[PDB]
Every structure is written in structure tokens, then in C-alpha cells.
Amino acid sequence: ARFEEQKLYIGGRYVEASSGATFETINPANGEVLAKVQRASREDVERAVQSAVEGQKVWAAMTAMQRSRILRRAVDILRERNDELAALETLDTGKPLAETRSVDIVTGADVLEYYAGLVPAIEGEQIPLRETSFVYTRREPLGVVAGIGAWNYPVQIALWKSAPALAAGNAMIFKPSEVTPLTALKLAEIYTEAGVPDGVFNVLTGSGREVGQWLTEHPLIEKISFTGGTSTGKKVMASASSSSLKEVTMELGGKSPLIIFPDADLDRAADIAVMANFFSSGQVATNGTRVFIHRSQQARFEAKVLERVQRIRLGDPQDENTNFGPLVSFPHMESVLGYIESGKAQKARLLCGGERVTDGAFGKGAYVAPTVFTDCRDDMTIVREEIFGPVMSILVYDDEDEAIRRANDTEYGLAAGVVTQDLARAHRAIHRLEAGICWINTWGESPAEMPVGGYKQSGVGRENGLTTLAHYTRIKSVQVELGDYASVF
């Protein structure tokens, strides 16, 4: 393998798993093996939890500013090592070096940086009741929490989950996707290097149906934060609930609507549509995979998108000039391809791509071409279901109300967007679109200040923003009685 065997990270160091099993992570750009990775056993989960229980006590016993300084140090390291971490992430995800070098770690560290600064700002409340009595609340750490990551943005997700958790005074046990375990272990080394006490950020590798579930079930873990498919989320949330009533955050899937109004600049709109569909090779949960265009503009719009799509630079992720990589895994390419086939079979009109790219060494990698379907109907499987691949579904509408209604006609509610230049229409439409993450005349930016998460079946809770920090603490209310105590007995 390219790298030595990846071990478990528990208590500020690597330790041997006790499962006697490993799995491989595969570079999707060429099918080669990057590393063999240990599977955590049930007893390894138990070792990580006790490690965290004790680590958390040390972390919590420090002052607010002590925690803040340690996390700012981690940020400093992440900045130093941005390129190196981006390179590792490219190997593990297949994503273009152009994306990983400027996005994954940058915005990951951005969020940690944001929370690091907010540690001393976590406050409770005080409420006078009467002269002889008052209450004050404390916002205590939950204790030991667990994050479970997806494969599309491995270290970013690991940072967005562990940043608020740790900033709130908690220990997090983290499980990356089997598909992409590498950068998570690197983060753990970095946290330790920065001063994060042993046990406070532990990483367990393995499958979700094993270690994932062992985590969601463990009695001592107070909260699960999960990122992945709506279908899987439902199972994960059910188990966190029924085992010990854990608190939960769920960041799930979507089929996010982009509505392009007639008064939009069809150039900006096309840029937004492609960006909302083809960045990270279509592997972004918030993607605007249902694009609504007015009938009077379909033709023109279809022409601008095509022109754009044709200049997309598919190629080796290692190539600085590549801005569109292979998909993350071969089985996922197979899934995506299935969808594109469904499209064809359902008489959706193909506008571009529509097939695997095999020319040359591309055949050794999991490449799918940027694909666009148009003349779509709301009942087509490619329009109802999340593909999580490079597949845009263009849809035609006749009036604003009809478009909003259709945009909302889904069990998903992750993101939504409008392109218009009219003041009233921008706000009017956005207020009516049933999604947690809404964009006006843009797409995809996710500032650390902005709470993001889904409506309906796209999630529970939120990540980022001031609100997310509070949701990593538990409220304790204390009534102080200074006066006499009355009894009816």
C-alpha cells in the first residue's frame, strides 16, 4: 500500500485495534490501495469511551481561555499544513487539488477558528424571582459525544463537528467513513500536537453498521452528530434515541431547488447552476440538483449551460489545472451511472455527458462525465431522488407560484436558491421556499457564522453559527431559595 497500516487513535496516540480485521481505502483516481486500516472492535469502542470520559474531565477543568488558546494553536497548525493535508485528502477522495487546497482545510479550519474564539462567550442566564429567590442557569458540557462523518469532505466534516463539540468543553469520539479514513487520523495528531488533552479527540475506523452503531448505542455517550444519507440517518437517529436518549444532530441528503426567474442574468444563472451541480464532481449535499427555468428562457439557458459544461476540465486530481475529478469510489460511480440510465429510460432529454469516461488512464479511475438532463418531469426518478453525482435536472415552469410550489414538493429541505434582480421577488420567494439553507444570487458559500442544516427529512439541528455552539451544552437550572420554605403538610 502507499501508506503503512492505519491504526486507531485513542488517548493522544495510535493504539492497536483488537478486532484482528482491516479494510482498504482506495484511491478512486486509479484504483490503487492507499492503506490498510484497522477495524475497531466493540471493546475498542469501550476503550475510546473511557479514554474520553477521563480526557473530558481534564479539558473541562481548564479555563475558557485555556481551551480557546489550544484550539487556536490547532488552527495555526492546520494553516501551516493546508497543502499537505489537501494532498492527502485528494488521494483519499479523488477531489481536484484545486478544491482541496483552497476549500476543505481552509473552511474546516475557518470553523474551528470561529469556535476557538467563542469559548469564553458561553454563558448561562440569571432570573430574579422575588427578593428571597432567584435562578441561574449553567451551560455544562454534555460530556462525551460522537461524530460520524461522510466521504465527500472528510476533514472538513471532522472539523465542523469537533470544533463546536470541543469548544463547548466536550470530548468527541469520531468515526470517518470507511471510504475516507485518512485525514481524520491526521486531525487527531494535530489536535494532540496543539495541546488537546489525551482522550478528548479519539478516532475509530471501521464500518457504520458496526462501530457506528456501537457508538450510537453506548450508554455513556451523550450526543450523536451524524452526516450522511437520509435513509441511513433515520436508522442512526432511531438507535441514538432508543438506546439511551442521546441528543442528536443530523446533516442529511437533499434535492435542492434552484429557481431562475425571467429577470435574472442568464449568464450568472448558468454559472450558479453549474457551480451548484458540478463542484466536487457533484458530491455536495446542498447542490441545486433541480434547476427551474422559465419556458421563455429554456432554450437560451440550455445553451449557456452547455457552453460552460464543455469547458469543464475533467482530469487527474493531481493536475493543478483539473477542476473536475473522478467520483469518490467505484461502487458510488456505479450508483450514479444507474441514475443516468434511469434518466435515459424515462425519456428525459440528455444535454451533455451521460457516460463513464474511460479514455486513457481515466479507465483506471472512477470517472463520470458532467451530465445534464432537461425536459424533465417531477415524477422522473432522477428528479425525485438524490443522485449525489454530476447530474443536473433542468425543469421548465410557467409561473412563479407554480415554481415555488414544485420546488417545495419534496420530502427534502436542505437547500434552495433564487436568481432574480428584483428586490421583492428575491425575498418573497426565499421566504416561501421550505429549506434551511437559502441562497440569493449565489450558491454554495457556507460561512462559519451561518447556521446550516435541513428542514423536513434533510436533517435535525444545525452546524456552524452561534446556535450550534449552544447545542453542544446541556442546560442546568439552579433555583436559590434565600427565604423561608413553605410546606402544605
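Numbering starts at 1 and runs along the sequence shown.
Here 174-182 and 265-273 are compared by their mean Cα B-factor, and 265-273 comes out higher. Stretches 60-68 and 26-34 differ in mean CA B factor, with 26-34 having the higher one.
Note on 377, 73, 246, 218: the highest value goes to 377, judged by CA B factor as recorded. The PDB entry assigns the greatest CA B-factor among 349, 223, 130, 81 to 349. For residue 191, the recorded CA temperature factor ranks within the middle third of the chain's modelled residues.
Ranked by C-alpha B-factor against the other modelled residues of its chain, residue 307 falls in the highest third. Sort the chain's modelled residues by C-alpha temperature factor and residue 462 lands in the lowest third, per the entry.
In this PDB entry, the Cα temperature factor of residue 239 sits in the middle third of its chain's modelled residues.
Per-chain ranking of the deposited C-alpha B factor places residue 12 in the middle third.
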